[PDB]
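Below is one structure, written out as structure tokens; comments come after it.
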Amino acid sequence: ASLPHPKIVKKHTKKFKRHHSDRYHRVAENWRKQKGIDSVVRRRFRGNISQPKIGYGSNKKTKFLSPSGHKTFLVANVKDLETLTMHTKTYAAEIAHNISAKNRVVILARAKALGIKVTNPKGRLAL
Amino acid sequence: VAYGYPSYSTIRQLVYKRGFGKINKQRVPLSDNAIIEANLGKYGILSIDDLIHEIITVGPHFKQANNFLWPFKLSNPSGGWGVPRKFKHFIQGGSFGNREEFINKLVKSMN
Amino acid sequence: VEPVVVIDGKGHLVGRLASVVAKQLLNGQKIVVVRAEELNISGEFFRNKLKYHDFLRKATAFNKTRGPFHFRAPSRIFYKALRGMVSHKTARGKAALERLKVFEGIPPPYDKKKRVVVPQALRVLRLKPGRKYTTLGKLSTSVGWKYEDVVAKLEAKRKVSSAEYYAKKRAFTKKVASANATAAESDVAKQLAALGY
Amino acid sequence: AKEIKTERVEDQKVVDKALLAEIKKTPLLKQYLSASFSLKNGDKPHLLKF
Amino acid sequence: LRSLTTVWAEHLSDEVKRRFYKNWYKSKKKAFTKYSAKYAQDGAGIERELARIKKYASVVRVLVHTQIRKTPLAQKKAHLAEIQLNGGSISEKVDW
Amino acid sequence: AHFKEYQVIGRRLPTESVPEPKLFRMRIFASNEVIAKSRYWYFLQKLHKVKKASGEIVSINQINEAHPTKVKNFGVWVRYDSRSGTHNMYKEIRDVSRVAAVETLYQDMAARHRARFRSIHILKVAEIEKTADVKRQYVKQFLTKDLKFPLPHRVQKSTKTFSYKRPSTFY
Amino acid sequence: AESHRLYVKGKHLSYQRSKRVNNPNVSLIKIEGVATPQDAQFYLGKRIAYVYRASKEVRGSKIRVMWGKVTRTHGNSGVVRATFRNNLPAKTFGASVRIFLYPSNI
Amino acid sequence: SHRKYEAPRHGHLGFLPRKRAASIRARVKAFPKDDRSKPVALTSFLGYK
RNA sequence: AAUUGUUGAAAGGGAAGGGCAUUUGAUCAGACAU
RNA sequence: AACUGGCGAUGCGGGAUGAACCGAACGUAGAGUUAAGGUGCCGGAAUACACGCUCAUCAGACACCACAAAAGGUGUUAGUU
RNA sequence: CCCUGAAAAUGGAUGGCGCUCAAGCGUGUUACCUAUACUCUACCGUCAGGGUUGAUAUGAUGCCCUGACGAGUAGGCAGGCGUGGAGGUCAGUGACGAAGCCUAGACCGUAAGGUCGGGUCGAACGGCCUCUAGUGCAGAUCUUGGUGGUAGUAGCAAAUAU
RNA sequence: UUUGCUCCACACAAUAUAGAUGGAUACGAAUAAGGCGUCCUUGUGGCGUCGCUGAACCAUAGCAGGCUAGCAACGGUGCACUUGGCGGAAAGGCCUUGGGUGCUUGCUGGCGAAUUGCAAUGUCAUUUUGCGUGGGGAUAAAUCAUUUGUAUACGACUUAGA
């Protein structure tokens, strides 16, 4: 029960990994553009890891939309869950990670009453 | 360059398929006669066939008509260039130079 | 089109036969080449012997067991000529070369089957008459093949047995042709003639 | 994990019984329709007429 | 050249049967039991094998062993070796 | 290049000093009209003091052969620039048309002297109709009375990669 | 009958490739019958199946099929181009392929 | 640079590799070329040095 | 974290690692259920 | 040193291989046509068609490029006088 | 065209196989193969030219239309992501478990990174508008600290002998 | 060595497949020559015919190939047996006898198909293993340790010990 949207096309996947992150443990996997002179990644040689460019940008109509067709909106309590009463088919509530279970039960009850979709209803549930 | 003298058929097909204007420094497509009348109504060029006429018969406002026409972006010739190596003069068995009457086939293939 | 295609090696040119067989093998056809001792190479015997001697001269300096292995049997010579044509260093090439068997003479598993020839790779079709050519068996026994005579004697025995079989086949085929001839001119044969049979 | 319409079976029995007489006017059409088509070795569908 | 078949004698001496074991002292010494039993019923299989050798045998070699017990050597395990017969045709060699 | 023979008439550009100039005509064997005109201007440039920027082509018309079926013996005179110097040659070719004769001349000259089209001048191709005007044995050989020769050792192109019987080359 | 085949047999040759770069999206199929692009032009719209077997039984069978279609002719030897829903595995070069007659035009 | 003074190579290169024998009894690699005229006889014997 | 042990999975004919594409195995979200 | 174009700062197809050469300069994708270069096999593409030459007991095989000369041959072919 | 002239050192290179009415040389005509090139389309971004006051789901820095373009070291500028700390705010999260840490489990962004589930854990921490800086590491024979293959290896053999 | 091992038949399950989906259909030799039929004086003979591609030949109709009736022949074919040979180059196959049984679309009939819904490989092959069935069949070595020296750095090698 979400807003109709065109096909979600991801121009790229396989998260851009830092060069030599596989080779060296000190090199983290977060992307960093190579600044070296004789670098086969800065000079886009054939057979090397692709670099993030603006051309990979997702469609402005399908941007930020989850596969369910909503945009995830963080909620910390019922007061900010109520911000999605009139936008049920565009925004989906996502309970924050630091919310206690005895508050998440209340949040889930209120959201199911209001029709708001919660993307993480199985959080800290002691069932 | 490869250049020749195009026939009326080549000119008409070019203007109909890849005819683009130069309205307000923007390359708009020659979709309706209204677009041509808006800009070239000063010179009497009222229709796309008016434009084709002022092109084929070099007329009083040929400079203006041809300038209004945007540089045609032609594809590669279907079926190749008919030659193993382009960069020799057409007289020398190549592709460039004054092909004269043979330009029609090349332009139709490249359209 | 059959699962295993047996190629009669006699009269064929090594390079062209190998170039055909490599493409077929990569295409997936299982190929068994027989009669490798009577393959043909263009050029005269001394020229081809000099080429093979120049090939023999090339070996690893510091350890000859690591160098090129100069196989001398005709089957292995043709197999080397084909492995040079097939990209053998990859799994695709290894599967292709696994799909291939090369023999000298005709072994018992394949002497009862139908041997085909490749017209694009035949000496009598590709070489202009008057051009000198070599027999792979002669070249091999010159450069050190130890089994020319023990293969020739087995070829003699195989050809003798095959002649005994072919006499019976020819007799039975003549009987079949005669019997089919009597059934010709009949109603069903006349009806088949209009349809092409 | 676990019948035919009677109307449908009667229409089939009348259409096929009306068509069988037309079939019988030619020698081998009934046997031909009983047979099932199948490409044989060496068949060229680009050159096989139908 | 490839060996086709070997036909052994009915009775093998202990010093040559030792060649077929590494632990003769505790072995059951079963070598050639079900083969010396094949010489029973006038050795039909043995003569058939010899006939096949005559039919297809280009070179004939004989397995022999030394009576090493006659030597002063301490080793009682004899040596077995193939010596080629040079002489008449294959039938003569195998008959010999 | 499957040449077509063109006959091209041109002249100098008329002026008030001497209007109505002298028409000059040439026969050029070329692949098409463009190359025909280019060769015409080349030859006029090397013959008289006139270049295309100073003259004009009044006409260019293709010549088709009078009898494209009757087999003739053309005698051709041709000069060419070898790797060291220029030589004049006479060769005769037995063919069917002037354009075919010029084409086989070009192939033959390229094959026997490595002379590309850029370094060959066709001096003159003229049909010789009387026999015994023939002087090259490779053409005198085919004028024999009641000529018949065989074609031994025929090899058939195979439409399939495998032939199932060992072929014979009879004929 | 003993033959139930309703498809033309074919061999999966290779992906479309330059000298040193291969495009896995477009494969090449050599049909056993065709020997020229003129004859290959008949099979352009035909559906193609690569039929393989796996040890795990899913959706009722251990036989799985990757579908595709002929797209256009390739070369002068009757080879055809093929586009599949999921590109054929590179392990299936020289593997067998069923080119069905549907959709048909006769 | 070339070897200043020539000298024959040490050892024989046709006896390589200088590893141990496969077994304590050396194999008779070759046998006399058989002819079918003389009577049947052995072409070797075993002894102990 | 480097580094190490056991268990589990997988691969391994003189490196390992990587990119594109898919087969295979394992694993997983969403949606019809509205 | 002069002019221009490049490489440096530049990846891509080709020249097997290479900073400079040939084609061509780049957002991410899909389809179509080509450039340079190629179509026996490795290798995707005609063991195409056509006319001739060459047999080397060190052939020849593609520009920059990974060389060959003066002088000779009754090897052979086409020519001139 | 071919041959002699033509001699260099590890084994060896028309790229290799191999090729002889060629898969060689000279030439001609077609067909065909494919680049991040060309043509058309979609999308991302940039630039430029424009439309939009109507109360406004607000915000004119918003929404929308049209066209072209997109390589790049040194360098310049812009828009952003992240960290310690400060003012304001969310009467924010939290012993019913904050922070941290592990997580070939999930989602979002082209990316910097952001969010969620699971385990461990025990007491503080975050979103936004701004302010401030001792604010972002792969290198510096970097500093300190810790740990590897080498490797159960070199070796533990002078001075008489147990 | 206490029901371990091998083989035979089917039964289930697992296991994968370099890739069944009518048949790999057997002279030899030359190509400026052969194949086949035929005749005789048997020859390097005569005569005739064929090639110009396997586009062939064989097989091919039935529930993925059902149940039934008859006609005409005494054939063709599968299967399990049986008889006798040939084959050692990687023989592991090729022929052959006899009857039994099954089918026979060589020819004429009778009944069934539906509904997998307009297609979805719509699953029919063989490769290995394991456990069961019930039926046979056969009842050892090697190594450590000790020992010798024809050997040896240690492994290894060569010996001997109920």
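Ordering of the structure tokens sets the chain letters (A, B, ...); residue numbers start at 1 within each chain; ligands are numbered from 1 in the order shown.
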
Each chain B residue no farther than 12 Å from chain F, nearest pair in Å, only C-alpha atoms, as a Markdown table:
| residue | atom | partner | partner_atom | distance |
| --- | --- | --- | --- | --- |
| B:4 | CA | F:34 | CA | 11.1 |
| B:89 | CA | F:35 | CA | 10.6 |
| B:90 | CA | F:35 | CA | 8.3 |
| B:91 | CA | F:35 | CA | 5.3 |
| B:92 | CA | F:35 | CA | 8.1 |
| B:93 | CA | F:35 | CA | 8.9 |
| B:94 | CA | F:35 | CA | 11.3 |
| B:97 | CA | F:34 | CA | 10.6 |
| B:98 | CA | F:34 | CA | 8.6 |
| B:99 | CA | F:34 | CA | 7.2 |
| B:100 | CA | F:34 | CA | 7.6 |
| B:101 | CA | F:34 | CA | 8.7 |
| B:102 | CA | F:34 | CA | 8.9 |
| B:103 | CA | F:34 | CA | 11.5 |

Could you pull out the residues in region 21-91 of chain A that DSSP calls strand (DSSP E) from the backbone, as a PyMOL selection string? chain A and resi 71-75+91

Write the residues you've just listed into a file as a PDB file, in the first residue's frame, and include N, CA and C atoms for each of them.
ATOM      1  N   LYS A  71      10.372   6.007   1.887  1.00  0.00           N
ATOM      2  CA  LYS A  71      11.619   6.549   2.401  1.00  0.00           C
ATOM      3  C   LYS A  71      11.654   6.305   3.899  1.00  0.00           C
ATOM      4  N   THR A  72      12.766   5.782   4.398  1.00  0.00           N
ATOM      5  CA  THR A  72      12.859   5.503   5.823  1.00  0.00           C
ATOM      6  C   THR A  72      13.025   6.798   6.600  1.00  0.00           C
ATOM      7  N   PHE A  73      12.238   6.949   7.661  1.00  0.00           N
ATOM      8  CA  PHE A  73      12.284   8.120   8.523  1.00  0.00           C
ATOM      9  C   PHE A  73      12.484   7.647   9.950  1.00  0.00           C
ATOM     10  N   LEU A  74      13.554   8.106  10.587  1.00  0.00           N
ATOM     11  CA  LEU A  74      13.854   7.670  11.942  1.00  0.00           C
ATOM     12  C   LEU A  74      12.837   8.226  12.924  1.00  0.00           C
ATOM     13  N   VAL A  75      12.409   7.387  13.855  1.00  0.00           N
ATOM     14  CA  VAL A  75      11.466   7.787  14.887  1.00  0.00           C
ATOM     15  C   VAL A  75      12.032   7.359  16.229  1.00  0.00           C
ATOM     16  N   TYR A  91       6.468   7.786   3.424  1.00  0.00           N
ATOM     17  CA  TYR A  91       7.462   7.648   4.472  1.00  0.00           C
ATOM     18  C   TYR A  91       7.125   6.451   5.344  1.00  0.00           C
TER      19      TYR A  91
END

Using only C-alpha atoms (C1' of nucleotides), can you tell me which of K:113, K:26, K:10, K:34 comes closest to chain G? K:34

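In this comparison, which uses only C-alpha atoms (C1' of nucleotides), the residue of G:68, G:24, G:33, G:103 approaching chain I most closely is G:24.
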
Separation of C1' of residue 82 (chain K) from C1' of residue 111 (chain K), in Å and rounded to one decimal: 12.8 Å
